[PDB]
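Visitor: Contents of my_file.cif (mmCIF, C-alpha atoms) are given next:
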```cif
data_run
loop_
_atom_site.label_atom_id
_atom_site.label_comp_id
_atom_site.auth_asym_id
_atom_site.auth_seq_id
_atom_site.Cartn_x
_atom_site.Cartn_y
_atom_site.Cartn_z
CA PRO A 541 -27.47 -14.28 -12.87
CA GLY A 542 -23.82 -14.30 -14.02
CA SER A 543 -22.90 -12.36 -10.87
CA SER A 544 -23.22 -15.73 -9.18
CA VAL A 545 -21.43 -19.01 -9.81
CA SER A 546 -21.78 -22.47 -8.30
CA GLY A 547 -19.83 -25.72 -8.14
CA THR A 548 -19.57 -29.09 -6.45
CA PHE A 549 -16.44 -29.78 -4.41
CA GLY A 550 -14.93 -32.64 -2.41
CA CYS A 551 -12.03 -32.97 0.07
CA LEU A 552 -9.57 -32.20 -2.73
CA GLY A 553 -11.14 -28.74 -2.78
CA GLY A 554 -11.03 -26.20 -5.60
CA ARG A 555 -11.83 -22.59 -6.54
CA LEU A 556 -15.06 -20.76 -7.42
CA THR A 557 -14.63 -17.41 -9.27
CA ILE A 558 -16.88 -14.65 -10.62
CA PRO A 559 -14.87 -13.55 -13.68
CA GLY A 560 -13.94 -9.86 -13.97
CA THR A 561 -14.77 -8.94 -10.36
CA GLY A 562 -11.84 -9.93 -8.13
CA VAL A 563 -14.22 -12.12 -6.12
CA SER A 564 -13.35 -15.77 -5.58
CA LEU A 565 -13.78 -18.56 -3.04
CA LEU A 566 -10.86 -20.92 -2.49
CA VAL A 567 -11.89 -24.22 -0.87
CA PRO A 568 -8.63 -25.88 0.22
CA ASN A 569 -7.75 -29.54 0.37
CA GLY A 570 -9.35 -30.96 3.56
CA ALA A 571 -11.88 -28.18 4.22
CA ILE A 572 -14.64 -30.55 3.06
CA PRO A 573 -14.88 -33.80 5.11
CA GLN A 574 -13.30 -36.82 3.35
CA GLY A 575 -15.71 -38.70 1.09
CA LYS A 576 -18.21 -35.81 1.14
CA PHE A 577 -19.28 -33.46 -1.65
CA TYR A 578 -20.74 -29.98 -1.25
CA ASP A 579 -22.65 -27.89 -3.75
CA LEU A 580 -21.50 -24.34 -3.10
CA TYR A 581 -22.31 -20.96 -4.58
CA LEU A 582 -20.75 -17.50 -4.70
CA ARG A 583 -22.64 -14.27 -5.40
CA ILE A 584 -22.05 -10.51 -5.50
CA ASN A 585 -25.01 -8.68 -3.99
CA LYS A 586 -26.63 -5.47 -5.24
CA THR A 587 -24.37 -2.41 -4.84
CA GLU A 588 -27.27 -0.72 -3.02
CA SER A 589 -27.83 -3.49 -0.41
CA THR A 590 -25.10 -2.01 1.83
CA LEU A 591 -26.39 1.57 1.62
CA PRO A 592 -27.09 1.67 5.40
CA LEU A 593 -23.36 1.04 5.95
CA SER A 594 -22.39 4.04 3.82
CA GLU A 595 -22.92 7.25 5.83
CA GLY A 596 -20.84 10.15 7.16
CA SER A 597 -17.39 8.81 8.04
CA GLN A 598 -18.36 5.19 7.24
CA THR A 599 -17.72 3.62 3.86
CA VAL A 600 -18.09 0.25 2.19
CA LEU A 601 -14.72 -0.79 0.71
CA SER A 602 -15.60 -4.00 -1.10
CA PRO A 603 -18.54 -5.59 -2.84
CA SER A 604 -20.97 -7.40 -0.55
CA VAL A 605 -20.45 -11.10 -1.24
CA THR A 606 -22.42 -14.20 -0.28
CA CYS A 607 -20.96 -17.67 -0.20
CA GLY A 608 -22.96 -20.69 0.86
CA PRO A 609 -25.09 -22.42 1.64
CA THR A 610 -24.53 -21.98 5.38
CA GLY A 611 -24.88 -24.98 7.69
CA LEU A 612 -22.23 -27.19 6.13
CA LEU A 613 -19.37 -28.56 8.25
CA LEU A 614 -15.95 -27.23 7.25
CA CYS A 615 -12.85 -28.93 8.71
CA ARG A 616 -10.41 -26.18 7.72
CA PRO A 617 -10.96 -22.51 6.81
CA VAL A 618 -11.83 -21.40 3.29
CA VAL A 619 -10.48 -18.22 1.68
CA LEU A 620 -12.93 -15.56 0.45
CA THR A 621 -11.19 -12.98 -1.73
CA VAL A 622 -12.79 -9.58 -2.37
CA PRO A 623 -11.32 -6.48 -4.02
CA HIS A 624 -11.25 -3.19 -2.14
CA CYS A 625 -10.78 0.51 -2.91
CA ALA A 626 -8.78 1.61 0.18
CA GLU A 627 -5.27 3.03 0.09
CA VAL A 628 -4.17 0.87 2.99
CA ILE A 629 -0.67 1.95 4.05
CA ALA A 630 -1.44 5.70 4.32
CA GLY A 631 -3.84 7.64 6.59
CA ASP A 632 -5.66 6.05 9.47
CA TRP A 633 -8.59 3.80 8.66
CA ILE A 634 -10.64 1.69 11.00
CA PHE A 635 -11.18 -1.47 8.94
CA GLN A 636 -13.97 -3.92 9.72
CA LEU A 637 -15.41 -7.11 8.34
CA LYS A 638 -19.14 -7.14 8.66
CA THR A 639 -21.63 -9.95 8.18
CA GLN A 640 -25.34 -10.03 7.38
CA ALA A 641 -27.43 -12.57 9.30
CA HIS A 642 -30.54 -11.63 7.29
CA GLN A 643 -31.42 -8.97 4.67
CA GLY A 644 -30.90 -5.38 5.84
CA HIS A 645 -29.13 -6.30 9.07
CA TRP A 646 -25.34 -5.99 9.55
CA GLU A 647 -23.08 -6.71 12.49
CA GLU A 648 -19.30 -6.73 12.90
CA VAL A 649 -17.39 -9.99 12.63
CA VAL A 650 -14.24 -8.15 13.67
CA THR A 651 -12.61 -4.75 13.69
CA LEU A 652 -9.06 -5.19 12.40
CA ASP A 653 -6.49 -5.09 15.24
CA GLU A 654 -9.10 -6.25 17.82
CA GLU A 655 -8.71 -9.96 16.92
CA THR A 656 -9.00 -12.56 19.72
CA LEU A 657 -8.47 -16.32 19.87
CA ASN A 658 -12.22 -16.61 19.19
CA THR A 659 -12.39 -14.40 16.09
CA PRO A 660 -13.72 -16.78 13.41
CA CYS A 661 -11.87 -15.17 10.49
CA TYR A 662 -8.58 -13.64 9.44
CA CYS A 663 -8.57 -10.69 7.07
CA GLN A 664 -5.33 -10.75 5.15
CA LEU A 665 -5.39 -7.14 4.02
CA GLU A 666 -3.47 -6.52 0.77
CA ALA A 667 -2.92 -3.35 -1.25
CA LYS A 668 -5.96 -3.78 -3.47
CA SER A 669 -7.83 -6.75 -2.06
CA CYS A 670 -8.58 -8.79 1.06
CA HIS A 671 -8.01 -12.52 1.39
CA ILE A 672 -10.35 -13.53 4.18
CA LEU A 673 -9.90 -16.87 5.91
CA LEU A 674 -13.37 -17.92 7.06
CA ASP A 675 -14.31 -20.60 9.53
CA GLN A 676 -17.82 -20.45 8.03
CA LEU A 677 -19.75 -19.45 4.91
CA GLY A 678 -22.21 -16.49 4.81
CA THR A 679 -22.65 -12.89 3.62
CA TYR A 680 -19.70 -10.54 4.19
CA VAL A 681 -18.55 -7.04 3.32
CA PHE A 682 -15.34 -5.19 3.98
CA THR A 683 -15.82 -1.69 5.40
CA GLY A 684 -13.68 1.21 6.56
CA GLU A 685 -14.41 4.37 8.54
CA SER A 686 -12.31 7.43 9.25
CA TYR A 687 -12.18 11.04 10.32
CA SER A 688 -8.45 11.21 9.51
CA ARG A 689 -7.57 13.94 6.99
CA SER A 690 -4.99 11.44 5.69
CA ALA A 691 -7.28 8.54 4.72
CA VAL A 692 -7.46 7.92 0.97
CA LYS A 693 -9.64 5.78 -1.27
CA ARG A 694 -8.94 4.77 -4.88
CA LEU A 695 -11.21 5.63 -7.77
CA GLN A 696 -11.13 4.78 -11.43
CA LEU A 697 -12.41 7.23 -14.05
CA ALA A 698 -14.19 5.83 -17.10
CA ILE A 699 -15.69 7.89 -19.95
CA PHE A 700 -18.41 6.67 -22.30
CA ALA A 701 -19.94 8.05 -25.50
CA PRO A 702 -22.88 6.77 -27.58
CA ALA A 703 -21.79 4.38 -30.34
CA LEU A 704 -24.64 5.61 -32.56
CA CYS A 705 -25.31 9.34 -32.97
CA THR A 706 -27.97 10.68 -35.35
CA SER A 707 -28.83 13.99 -33.65
CA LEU A 708 -26.87 17.21 -33.40
CA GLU A 709 -26.95 16.26 -29.69
CA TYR A 710 -23.97 14.32 -28.31
CA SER A 711 -23.22 13.26 -24.72
CA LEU A 712 -20.28 12.08 -22.65
CA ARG A 713 -20.77 10.09 -19.45
CA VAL A 714 -17.87 10.50 -17.06
CA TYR A 715 -18.04 7.80 -14.35
CA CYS A 716 -16.26 8.12 -11.01
CA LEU A 717 -16.05 4.57 -9.74
CA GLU A 718 -14.53 2.63 -6.86
CA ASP A 719 -11.27 1.02 -8.00
CA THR A 720 -12.28 -2.65 -8.14
CA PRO A 721 -12.72 -4.82 -11.25
CA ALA A 722 -16.33 -5.52 -10.08
CA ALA A 723 -17.14 -1.80 -10.21
CA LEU A 724 -15.86 -1.53 -13.81
CA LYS A 725 -17.59 -4.72 -15.02
CA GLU A 726 -20.91 -3.39 -13.67
CA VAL A 727 -20.65 -0.06 -15.56
CA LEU A 728 -19.55 -1.78 -18.76
CA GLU A 729 -22.76 -3.87 -18.46
CA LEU A 730 -24.88 -0.75 -17.81
CA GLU A 731 -23.39 1.03 -20.85
CA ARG A 732 -23.93 -1.97 -23.12
CA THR A 733 -27.68 -1.52 -22.51
CA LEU A 734 -27.41 2.27 -22.95
CA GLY A 735 -25.49 1.76 -26.21
CA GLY A 736 -22.33 3.46 -24.97
CA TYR A 737 -18.71 2.53 -25.59
CA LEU A 738 -15.56 3.07 -23.53
CA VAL A 739 -13.77 6.00 -25.23
CA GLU A 740 -10.44 5.66 -23.38
CA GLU A 741 -8.86 3.22 -20.92
CA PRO A 742 -9.97 4.08 -17.36
CA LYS A 743 -7.62 6.29 -15.29
CA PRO A 744 -6.83 6.17 -11.54
CA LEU A 745 -7.69 8.90 -9.05
CA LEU A 746 -6.87 9.09 -5.37
CA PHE A 747 -9.63 10.63 -3.28
CA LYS A 748 -8.83 12.05 0.17
CA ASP A 749 -10.99 12.32 3.32
CA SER A 750 -10.71 16.12 3.11
CA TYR A 751 -14.46 16.88 2.70
CA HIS A 752 -13.75 18.38 -0.73
CA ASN A 753 -15.97 17.65 -3.73
CA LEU A 754 -15.07 16.12 -7.08
CA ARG A 755 -15.11 18.64 -9.89
CA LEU A 756 -15.58 17.77 -13.55
CA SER A 757 -15.27 20.10 -16.54
CA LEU A 758 -14.73 20.11 -20.31
CA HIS A 759 -12.17 22.34 -22.02
CA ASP A 760 -10.67 22.96 -25.48
CA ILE A 761 -13.98 22.25 -27.27
CA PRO A 762 -13.77 23.07 -31.02
CA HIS A 763 -16.00 26.16 -30.78
CA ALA A 764 -16.23 26.57 -34.56
CA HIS A 765 -18.30 23.35 -34.77
CA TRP A 766 -19.25 22.35 -31.22
CA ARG A 767 -20.92 23.91 -28.18
CA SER A 768 -21.81 22.76 -24.66
CA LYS A 769 -25.48 22.75 -23.69
CA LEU A 770 -24.83 23.30 -19.95
CA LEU A 771 -24.76 26.77 -18.40
CA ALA A 772 -22.35 25.79 -15.60
CA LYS A 773 -18.64 25.73 -16.52
CA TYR A 774 -18.08 22.64 -14.37
CA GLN A 775 -20.00 19.98 -12.49
CA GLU A 776 -19.44 18.66 -8.99
CA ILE A 777 -20.13 15.41 -7.21
CA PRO A 778 -20.69 15.91 -3.43
CA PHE A 779 -17.88 14.63 -1.19
CA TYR A 780 -20.07 12.19 0.75
CA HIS A 781 -21.38 10.59 -2.44
CA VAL A 782 -17.79 9.82 -3.48
CA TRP A 783 -16.62 8.90 0.02
CA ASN A 784 -19.34 6.55 1.29
CA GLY A 785 -19.55 3.84 -1.40
CA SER A 786 -22.69 1.74 -2.11
CA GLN A 787 -23.63 4.05 -5.00
CA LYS A 788 -24.23 2.51 -8.41
CA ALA A 789 -22.17 4.03 -11.23
CA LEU A 790 -21.53 7.59 -9.99
CA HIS A 791 -21.25 9.89 -13.03
CA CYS A 792 -21.75 13.32 -14.56
CA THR A 793 -23.27 13.76 -18.03
CA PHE A 794 -21.85 16.36 -20.40
CA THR A 795 -24.02 17.43 -23.30
CA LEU A 796 -22.75 18.88 -26.54
CA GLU A 797 -24.27 20.15 -29.80
CA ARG A 798 -22.71 20.00 -33.27
CA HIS A 799 -23.57 22.61 -35.92
CA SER A 800 -24.17 19.92 -38.57
CA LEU A 801 -23.81 16.18 -39.25
CA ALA A 802 -20.60 16.99 -41.19
CA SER A 803 -18.94 17.33 -37.78
CA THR A 804 -18.00 13.69 -37.24
CA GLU A 805 -15.04 14.30 -34.93
CA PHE A 806 -15.00 15.61 -31.38
CA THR A 807 -11.97 16.66 -29.39
CA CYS A 808 -11.64 18.12 -25.92
CA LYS A 809 -9.80 18.08 -22.64
CA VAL A 810 -11.75 16.46 -19.79
CA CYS A 811 -10.58 17.28 -16.27
CA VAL A 812 -11.61 15.28 -13.23
CA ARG A 813 -10.17 16.40 -9.93
CA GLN A 814 -10.80 16.65 -6.19
CA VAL A 815 -10.71 20.29 -5.00
CA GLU A 816 -7.46 20.78 -3.08
CA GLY A 817 -6.51 17.18 -4.05
CA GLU A 818 -5.53 15.10 -7.10
CA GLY A 819 -6.63 15.46 -10.72
CA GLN A 820 -6.68 13.70 -14.09
CA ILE A 821 -6.83 14.89 -17.65
CA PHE A 822 -8.32 13.00 -20.60
CA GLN A 823 -7.20 14.16 -24.03
CA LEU A 824 -10.31 13.04 -25.82
CA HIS A 825 -10.74 12.24 -29.52
CA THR A 826 -13.83 10.47 -30.85
CA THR A 827 -15.59 9.88 -34.16
CA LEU A 828 -19.33 10.03 -34.80
CA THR A 848 -15.49 -20.01 -12.90
CA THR A 849 -14.63 -23.45 -11.46
CA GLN A 850 -11.29 -25.17 -10.84
CA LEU A 851 -10.97 -28.48 -8.95
CA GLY A 852 -8.22 -29.83 -6.70
CA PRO A 853 -5.47 -30.65 -6.93
CA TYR A 854 -4.90 -28.93 -10.32
CA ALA A 855 -6.49 -25.69 -9.07
CA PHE A 856 -3.44 -25.26 -6.79
CA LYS A 857 0.12 -24.13 -7.49
CA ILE A 858 1.73 -26.33 -4.81
CA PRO A 859 1.38 -30.13 -5.31
CA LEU A 860 0.16 -32.04 -2.21
CA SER A 861 3.47 -33.85 -1.77
CA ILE A 862 5.39 -30.56 -1.50
CA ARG A 863 2.72 -28.88 0.70
CA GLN A 864 2.92 -31.82 3.14
CA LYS A 865 6.73 -31.53 3.25
CA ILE A 866 6.55 -27.79 4.00
CA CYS A 867 3.84 -28.17 6.66
CA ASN A 868 5.68 -31.02 8.42
CA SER A 869 8.85 -28.93 8.50
CA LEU A 870 7.29 -25.66 9.64
CA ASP A 871 4.47 -26.80 11.98
CA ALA A 872 6.92 -27.93 14.66
CA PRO A 873 7.61 -25.17 17.23
CA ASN A 874 11.11 -23.72 16.90
CA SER A 875 12.92 -22.31 19.94
CA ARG A 876 14.54 -19.39 18.08
CA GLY A 877 11.29 -18.46 16.24
CA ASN A 878 12.24 -20.20 12.97
CA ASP A 879 8.95 -21.93 12.09
CA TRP A 880 5.60 -20.95 10.44
CA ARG A 881 5.68 -17.70 12.43
CA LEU A 882 8.79 -16.56 10.52
CA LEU A 883 7.36 -17.74 7.18
CA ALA A 884 4.24 -15.66 7.93
CA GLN A 885 6.43 -12.66 8.83
CA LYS A 886 8.42 -13.07 5.58
CA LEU A 887 5.25 -13.29 3.47
CA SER A 888 3.77 -10.24 5.25
CA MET A 889 0.90 -12.36 6.64
CA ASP A 890 1.70 -11.66 10.30
CA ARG A 891 -0.80 -8.99 11.36
CA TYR A 892 -2.39 -11.50 13.84
CA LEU A 893 -0.38 -14.75 14.14
CA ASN A 894 -2.64 -16.33 16.77
CA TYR A 895 -5.32 -17.11 14.14
CA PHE A 896 -2.84 -19.51 12.53
CA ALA A 897 -1.66 -20.81 15.95
CA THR A 898 -5.10 -22.33 16.76
CA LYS A 899 -5.24 -24.32 13.52
CA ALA A 900 -4.14 -27.99 13.51
CA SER A 901 -1.69 -27.01 10.78
CA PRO A 902 -0.75 -23.31 11.05
CA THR A 903 1.50 -23.77 7.99
CA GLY A 904 -1.32 -25.31 5.92
CA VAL A 905 -3.47 -22.22 6.44
CA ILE A 906 -0.59 -19.89 5.61
CA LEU A 907 -0.08 -21.82 2.34
CA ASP A 908 -3.82 -21.48 1.57
CA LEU A 909 -3.42 -17.72 1.94
CA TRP A 910 -0.35 -17.82 -0.32
CA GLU A 911 -2.39 -19.81 -2.91
CA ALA A 912 -5.09 -17.12 -2.78
CA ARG A 913 -2.44 -14.42 -3.45
CA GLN A 914 -1.15 -16.26 -6.50
CA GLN A 915 -4.48 -15.81 -8.28
CA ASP A 916 -3.35 -12.15 -8.38
CA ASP A 917 0.19 -10.73 -8.54
CA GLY A 918 2.86 -12.92 -6.85
CA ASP A 919 5.14 -15.80 -7.92
CA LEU A 920 6.19 -19.25 -6.59
CA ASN A 921 9.55 -17.60 -5.84
CA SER A 922 8.11 -15.49 -3.02
CA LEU A 923 7.61 -18.79 -1.15
CA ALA A 924 11.07 -20.23 -2.00
CA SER A 925 12.74 -16.86 -1.22
CA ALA A 926 11.14 -16.84 2.22
CA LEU A 927 12.21 -20.44 2.88
CA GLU A 928 15.75 -19.63 1.69
CA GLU A 929 16.02 -16.63 4.06
CA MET A 930 14.79 -18.83 6.93
CA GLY A 931 17.77 -21.19 6.49
CA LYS A 932 15.46 -24.12 5.81
CA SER A 933 16.41 -27.26 3.86
CA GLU A 934 17.70 -26.53 0.35
CA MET A 935 15.51 -29.50 -0.65
CA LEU A 936 12.44 -27.50 0.48
CA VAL A 937 13.75 -24.52 -1.50
CA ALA A 938 14.39 -26.78 -4.51
CA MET A 939 10.77 -28.02 -4.22
CA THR A 940 9.22 -24.53 -4.06
CA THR A 941 11.39 -22.59 -6.55
CA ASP A 942 10.02 -21.47 -9.94
#
```
Would it be possible to restate this file's structure as structure tokens?

Guide:
Amino acid sequence: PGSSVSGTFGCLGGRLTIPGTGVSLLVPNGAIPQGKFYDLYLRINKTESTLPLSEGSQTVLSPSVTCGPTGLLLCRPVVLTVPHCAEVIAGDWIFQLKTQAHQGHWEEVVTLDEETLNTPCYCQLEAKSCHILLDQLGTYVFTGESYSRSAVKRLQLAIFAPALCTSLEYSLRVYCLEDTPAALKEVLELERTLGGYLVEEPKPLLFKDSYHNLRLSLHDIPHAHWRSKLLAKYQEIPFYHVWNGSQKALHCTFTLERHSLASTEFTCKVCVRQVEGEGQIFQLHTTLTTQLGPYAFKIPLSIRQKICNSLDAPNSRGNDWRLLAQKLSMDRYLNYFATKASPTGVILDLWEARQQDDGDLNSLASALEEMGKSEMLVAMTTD
């Protein structure tokens, strides 16, 4: 219900966002035909709906996201942003954007680095998210596959305990989640129903394509007052279950027993690690959606038009939108911008999409300054 949002947009565009997920749809100025208004929606689909894409070497890297309705005319691309859990720079991944024509059926839109002049999207692949320029709306998911020993995904580790405890029985739920805000939001919602609370801030863990399992154990339990109810000294989560994705709230449950209700404080060391890989320690101690244009955008229309007019013109020594794209690290496949009526306009849309996250207006001015462009353009873009 609240994993979907909707809005009405015109040619001035705007932004649709599902709060706490990393998922948003940026509808730029001029994507919607002048004098028209579109009712659009944006939804995250069930974690389990991509299960067929999660097997052996293949993994789902992002939530599956639907934007629509389909069948509306767009004049310029829109930007669909999704978070991902890949470590991108490192070991070899084959990245792919996939689309779902109808329920239970996926096909590739593109495999990254196989782009052609006909590819109807551009995946701007960032460290922790993808900003996907789309020529059309629909259902999309970002996937990655690898046999490389070097390929890494990012996890976040979140531990929950019951807020109310009346028994001698006590339990800790140690979740091993994909590192996206969406994944955390989902588990927080699950635990609200289960009556759990987050005992510590989540912690990162890198998980390697090494075929090694996750191992989880408790240590330094106050034996005088507490005991573990499990025979095994540790628990494991199978490598493929961690690797593949599309699994709702992966966790192990640890079960403890207090001697009496006088014991109202629990302490222990929780270790979560990949065999032959990384590990984390928790030192535990418990007690018993819609913006509209042009205000949705960081660059005023007047300044955007000035930049686009300056940079759209082909430059003999390479000093045009191509160099701006290179400077902003948006140059993995320049020909997607080249076929647009304003290559600069689409680059700026991508920059806008980035600014919802980590950057600053100075990344744009810095780039323009290094390009030797008008100091008036730099003046206009500085922050």

Visitor: Given the file above and the PyMOL selection byres ((chain A and resi 571-574) around 6), which residues are selected, and can you give them as a list in words?

Guide: residues 550, 551, 568, 569, 570, 575, 576, 614, 615 and 616 of chain A

Visitor: Quick check on the file I pasted: which residues fall under the PyMOL selection byres ((chain A and resi 813) around 12)? Write them as a ChimeraX atom specification.

Guide: /A:695-697,716,743-748,752-758,774-777,779,782,810-812,814-822

Visitor: Using all atoms listed in the file, can you tell me which of A:658, A:605, A:682, A:622 comes closest to residue 637 of chain A?

Guide: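 Of A:658, A:605, A:682, A:622, the one nearest residue 637 of chain A is A:682, counting all atoms listed in the file.
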
Visitor: Tell me, in Å to one decimal, how far atom CA of residue 727 of chain A is from atom CA of residue 824 of chain A.

Guide: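 These two atoms are separated by 19.6 Å.
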
Visitor: For the structure shown, which residues end up in the PyMOL selection byres ((chain A and resi 563) around 12)? Put them as a PyMOL selection string, please?

Guide: chain A and resi 543-545+555-562+564-566+582-585+602-607+619-624+669-672+680-681+720-723+848+912+915-916

Visitor: Could you write out that same residue set with C-alpha atoms as a PDB file, keeping the file's coordinate frame?

Guide:
```pdb
ATOM      1  CA  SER A 543     -22.900 -12.360 -10.870  1.00  0.00           C
ATOM      2  CA  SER A 544     -23.220 -15.730  -9.180  1.00  0.00           C
ATOM      3  CA  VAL A 545     -21.430 -19.010  -9.810  1.00  0.00           C
ATOM      4  CA  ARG A 555     -11.830 -22.590  -6.540  1.00  0.00           C
ATOM      5  CA  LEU A 556     -15.060 -20.760  -7.420  1.00  0.00           C
ATOM      6  CA  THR A 557     -14.630 -17.410  -9.270  1.00  0.00           C
ATOM      7  CA  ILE A 558     -16.880 -14.650 -10.620  1.00  0.00           C
ATOM      8  CA  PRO A 559     -14.870 -13.550 -13.680  1.00  0.00           C
ATOM      9  CA  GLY A 560     -13.940  -9.860 -13.970  1.00  0.00           C
ATOM     10  CA  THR A 561     -14.770  -8.940 -10.360  1.00  0.00           C
ATOM     11  CA  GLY A 562     -11.840  -9.930  -8.130  1.00  0.00           C
ATOM     12  CA  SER A 564     -13.350 -15.770  -5.580  1.00  0.00           C
ATOM     13  CA  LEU A 565     -13.780 -18.560  -3.040  1.00  0.00           C
ATOM     14  CA  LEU A 566     -10.860 -20.920  -2.490  1.00  0.00           C
ATOM     15  CA  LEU A 582     -20.750 -17.500  -4.700  1.00  0.00           C
ATOM     16  CA  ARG A 583     -22.640 -14.270  -5.400  1.00  0.00           C
ATOM     17  CA  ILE A 584     -22.050 -10.510  -5.500  1.00  0.00           C
ATOM     18  CA  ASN A 585     -25.010  -8.680  -3.990  1.00  0.00           C
ATOM     19  CA  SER A 602     -15.600  -4.000  -1.100  1.00  0.00           C
ATOM     20  CA  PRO A 603     -18.540  -5.590  -2.840  1.00  0.00           C
ATOM     21  CA  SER A 604     -20.970  -7.400  -0.550  1.00  0.00           C
ATOM     22  CA  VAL A 605     -20.450 -11.100  -1.240  1.00  0.00           C
ATOM     23  CA  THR A 606     -22.420 -14.200  -0.280  1.00  0.00           C
ATOM     24  CA  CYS A 607     -20.960 -17.670  -0.200  1.00  0.00           C
ATOM     25  CA  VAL A 619     -10.480 -18.220   1.680  1.00  0.00           C
ATOM     26  CA  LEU A 620     -12.930 -15.560   0.450  1.00  0.00           C
ATOM     27  CA  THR A 621     -11.190 -12.980  -1.730  1.00  0.00           C
ATOM     28  CA  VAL A 622     -12.790  -9.580  -2.370  1.00  0.00           C
ATOM     29  CA  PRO A 623     -11.320  -6.480  -4.020  1.00  0.00           C
ATOM     30  CA  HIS A 624     -11.250  -3.190  -2.140  1.00  0.00           C
ATOM     31  CA  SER A 669      -7.830  -6.750  -2.060  1.00  0.00           C
ATOM     32  CA  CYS A 670      -8.580  -8.790   1.060  1.00  0.00           C
ATOM     33  CA  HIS A 671      -8.010 -12.520   1.390  1.00  0.00           C
ATOM     34  CA  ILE A 672     -10.350 -13.530   4.180  1.00  0.00           C
ATOM     35  CA  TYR A 680     -19.700 -10.540   4.190  1.00  0.00           C
ATOM     36  CA  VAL A 681     -18.550  -7.040   3.320  1.00  0.00           C
ATOM     37  CA  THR A 720     -12.280  -2.650  -8.140  1.00  0.00           C
ATOM     38  CA  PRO A 721     -12.720  -4.820 -11.250  1.00  0.00           C
ATOM     39  CA  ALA A 722     -16.330  -5.520 -10.080  1.00  0.00           C
ATOM     40  CA  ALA A 723     -17.140  -1.800 -10.210  1.00  0.00           C
ATOM     41  CA  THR A 848     -15.490 -20.010 -12.900  1.00  0.00           C
ATOM     42  CA  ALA A 912      -5.090 -17.120  -2.780  1.00  0.00           C
ATOM     43  CA  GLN A 915      -4.480 -15.810  -8.280  1.00  0.00           C
ATOM     44  CA  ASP A 916      -3.350 -12.150  -8.380  1.00  0.00           C
TER      45      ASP A 916
END
```

Visitor: Excluding same-chain residues fewer than 2 positions from segment 883-890 of chain A, what lies within 7 Å of it counting all atoms listed in the file, as number ranges by chain?

Guide: A: 664, 879-881, 892-893, 906, 926

Visitor: Hey, which of A:731, A:653, A:718, A:675 ends up closest to residue 701 of chain A? Count all atoms listed in the file.

Guide: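 Going through A:731, A:653, A:718, A:675 one by one, the smallest distance to residue 701 of chain A is for A:731.
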
Visitor: Quick check, in Å to one decimal: how far apart do atom CA of residue 709 of chain A and atom CA of residue 767 of chain A lie?

Guide: 9.9 Å

Visitor: For atom CA of residue 939 of chain A and atom CA of residue 925 of chain A, quote the distance in Å rounded to one decimal.

Guide: 11.7 Å

Visitor: When distances are computed from only C-alpha atoms, which of A:764, A:772, A:789, A:734 shows the smallest separation from residue 698 of chain A?

Guide: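 Using only C-alpha atoms, residue 698 of chain A sits closest to A:789.
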
Visitor: Under the rule that all atoms listed in the file are counted, which of A:659, A:548, A:751, A:711 is the nearest residue to residue 849 of chain A?

Guide: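 Of A:659, A:548, A:751, A:711, the one nearest residue 849 of chain A, counting all atoms listed in the file, is A:548.
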
Visitor: For residue 660 of chain A, find every residue with an atom within 9 Å (counting all atoms listed in the file), except residues of its own chain fewer than 2 positions away, and show them as a PyMOL selection string.

Guide: chain A and resi 649-650+656-658+662+673-676+895

Visitor: Let me make sure I understand: among A:771, A:897, A:618, A:704, which one has the smallest atom-to-atom distance to residue 554 of chain A if we use all atoms listed in the file?

Guide: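 Smallest distance to residue 554 of chain A is found for A:618.
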
Visitor: Using all atoms listed in the file, which residue out of A:807, A:644, A:652, A:919 lies closest to residue 759 of chain A?

Guide: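 Comparing A:807, A:644, A:652, A:919 against residue 759 of chain A, the winner is A:807.
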
Visitor: Find the spatial neighbours of residue 733 of chain A, counting only C-alpha atoms, within a cut-off of 12 Å - ignore same-chain residues fewer than 5 positions away - and output them as JSON, numbers by chain.

Guide: {"A": [702, 703, 726, 727, 728]}

Visitor: Can you tell me, as a list in words, which residues sit within 8 Å of (-16.5, 11.7, -34.3) in the file's frame, using only C-alpha atoms?

Guide: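 Protein and nucleic acid residues near the point are residues 803, 804, 805, 806, 825, 826, 827 and 828 of chain A.
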
Visitor: Near residue 797 of chain A, within 9 Å and counting only C-alpha atoms, which residues show up once chain neighbours fewer than 3 positions away are dropped, as a list in words?

Guide: residues 707, 708, 709, 710, 711, 765, 766, 767, 768, 769 and 800 of chain A

Visitor: As lines of an AutoDock Vina configuration file, please: the centre and edge lengths in Å, to one decimal, of an axis-aligned box enclosing every listed atom of segment 696-701 of chain A with 6 Å added on each side.

Guide:
```
center_x = -15.5
center_y = 6.4
center_z = -18.5
size_x = 20.8
size_y = 15.3
size_z = 26.1
```

Visitor: Counting all atoms listed in the file, what is within 7 Å of segment 586-600 of chain A, bar same-chain residues fewer than 5 positions away, as a ChimeraX atom specification?

Guide: /A:682-687,780,783-788
